[PDB]
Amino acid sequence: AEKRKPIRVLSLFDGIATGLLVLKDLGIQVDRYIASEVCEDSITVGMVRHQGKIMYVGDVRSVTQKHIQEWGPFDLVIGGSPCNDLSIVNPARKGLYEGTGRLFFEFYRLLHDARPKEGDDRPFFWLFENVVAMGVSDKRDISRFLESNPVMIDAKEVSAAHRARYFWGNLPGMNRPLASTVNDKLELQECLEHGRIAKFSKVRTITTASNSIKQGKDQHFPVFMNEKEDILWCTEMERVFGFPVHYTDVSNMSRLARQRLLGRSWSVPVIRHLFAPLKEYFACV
């Protein structure tokens, strides 16, 4: 019996390298991790937090079919496109076919370019992520181009924050019930620094809008510290998202710059739940 070989990943719209982070937590060997990203803040985090393992390739629109063949074969193809023109939180959203919603089709093209041809029964896994708060047509259109329906997973059941997301893909057992682990921080109190009191169990969805860190329409402060009320700290937002502490503390970034990266990123425990069955297919530490 032939032994399992390290996984080969193409990560589109990588962000702060959550995919690589999760794979390394699962102890999965990764031979190559080729990621497409434009934001300087995102790429800088990736280089530092992973010691330059990631081969950064640039704009997703610069990635050709031959490049996919030349860099391949890819065992895993993950991606999470901008939802600034998809989410119904933006009254100025330009839909799926205009603005940045169009970037979704780049994941669509490259996914088709990365798949094995006929007569190739080799394992090929992929995952696409976006919000549930989008347009009905757009949700349908995404399902039509990917030829699949999304699994809905709220990070509310695995973290201390609401985050209902859609997940398209063929990962083994995407639909299976979510189980809590020993190191799953479900309560807000678990994510706070010492001497700080949590007012709520869960917090609402964290966005790039800085005031999304305040709960309710009344904009309540989430945390009480020392005779005054306070918002979540950057270190606490990281723990809420399931990221390592001080993960985004690079390149002199402010609170807003860090919440911008975290705001658009994945919930680590959710991705871990989805990537966990990949351990059965590839080499491990």
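All residue numbers are counted from 1 along the displayed sequence.
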query: Entry-level comparison of average CA B-factors, 45-53 and 213-221, reporting the higher stretch; finding: 213-221
query: Greater mean Cα temperature factor according to the PDB record, 91-99 or 159-167; finding: 91-99
query: Third assignment of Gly173 from its chain's C-alpha B-factors; finding: middle
query: Third of the chain's Cα B-factor distribution that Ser137 belongs to, per the entry; finding: highest
query: Chain thirds of CA B-factor: placement of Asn84; finding: middle
query: Third of chain Cα B-factors occupied by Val77; finding: lowest
query: Chain-wide C-alpha B factor ranking for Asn252, given as lowest, middle or highest third; finding: lowest
